[PDB]
Amino acid sequence: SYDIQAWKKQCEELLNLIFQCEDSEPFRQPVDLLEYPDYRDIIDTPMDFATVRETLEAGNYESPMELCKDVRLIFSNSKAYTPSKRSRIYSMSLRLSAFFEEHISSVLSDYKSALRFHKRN
Ligand SMILES: Cc1cccc(OCCCNC(=O)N2CCN(C(=O)c3ccc(Br)o3)CC2)c1
């Protein structure tokens with residue numbers, strides 16, 4: 001399965017599944033400072049799933065590793081901000097992260113395999 005470009009539609013498909021998840025709803029759009037006025041004291045680099053989808057659709061990811069770094073930033077920001085490990089929203093982030101990681105592993109493996117096959121000779 002040595003298609004170097006296949007990761008892109010596989011990531012579009014996985015972002016579609018994440019948007020159906022009720023657990024994604026807090027992570028879809030950038031955090032509102034009005035409601036969370038200390039957010040940007042704690043979080044240097046905001047990230048959300050709409051920004052990830054738009055970066056993908058613009059052709060501004062070169063690999064699924066770059067997409068994976070930005071999605072992992074959504075989850076590390078939720079960890080950096082939770083006032084408690086037992087917060088509702090952090091708890092939603094942990095389930096959504098498990099789902100993401102379960103599905104992205106084959107996307108990454110197949111991409112890396114395809115690049116190695118391209119460089120085989
Ligand atoms: C106009 C409109 C329409 C529809 C949705 C929309 O966006 C929803 C609000 C965006 N989420 C949000 O506010 N947060 C998500 C990220 N945070 C945490 O991860 C976190 C950890 C513990 C706690 Br508590 O929060 C901080 C809160 C905006």
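In listed order, ligands and their atoms are each counted from 1. Numbering starts at 1 and runs along the sequence shown. These numbers come from the heavy atoms of this one structure, side chains and all, not from hydrogens, waters or symmetry mates.
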| query | Where does the angle between the aromatic ring planes of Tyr2 and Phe117 fall among parallel (under 30°), tilted (30 to 60°) and perpendicular (over 60°)? | reply | parallel

Closest protein heavy atom to [atom], given as residue, atom name and distance to 0.1 Å:
atom	answer
atom 13 (O) of ligand 1	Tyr36 CE1, 3.2 Å
atom 18 (C) of ligand 1	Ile89 CG2, 3.6 Å
atom 12 (C) of ligand 1	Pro26 O, 3.8 Å
atom 14 (N) of ligand 1	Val31 CG2, 3.8 Å

| field | Part of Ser87 within contact of ligand 1 (heavy atoms, under 4.0 Å) | value | side chain

| Contact partition for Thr82 relative to ligand 1, non-hydrogen atoms under 4.0 Å | both

| query | Judging by distance only, is a nitrogen or oxygen of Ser78 under 3.5 angstrom from one on ligand 1? | reply | yes

| What do you reckon, does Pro30 have a nitrogen or oxygen under 3.5 Å from a nitrogen or oxygen of ligand 1? | no

| query | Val107 versus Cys11: any side-chain heavy-atom pair under 4.5 Å? | reply | yes

| remark: When rounded to the nearest 0.5 Å, the distance separating CG of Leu94 from CZ of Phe99 is 15.5 Å

| query | Can you check whether a protein heavy atom sits less than 4.0 angstrom from atom 10 (C) of ligand 1? | reply | yes

| task | Determine if the distance from atom 3 (C) of ligand 1 to the closest protein heavy atom is below 4.0 Å. | result | no

| Member of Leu17, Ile18, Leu15 meeting the side chain to side chain contact (heavy atoms under 4.5 Å, CB included) criterion with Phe100 | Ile18

| Any idea which of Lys79, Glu35, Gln29, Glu25 brings a heavy atom closest to atom 8 (C) of ligand 1? | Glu25

| query | Taking the minimum heavy-atom distance to atom 24 (Br) of ligand 1, which of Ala80, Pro46, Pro83 ranks first? | reply | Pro83

Distance-only donor-acceptor check, side chains [X] and [Y], under 3.5 Å:
X	Y	result
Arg53	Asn16	yes
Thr51	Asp48	yes
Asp32	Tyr39	no

| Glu66 side chain to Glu62 backbone, donor-acceptor under 3.5 Å | yes

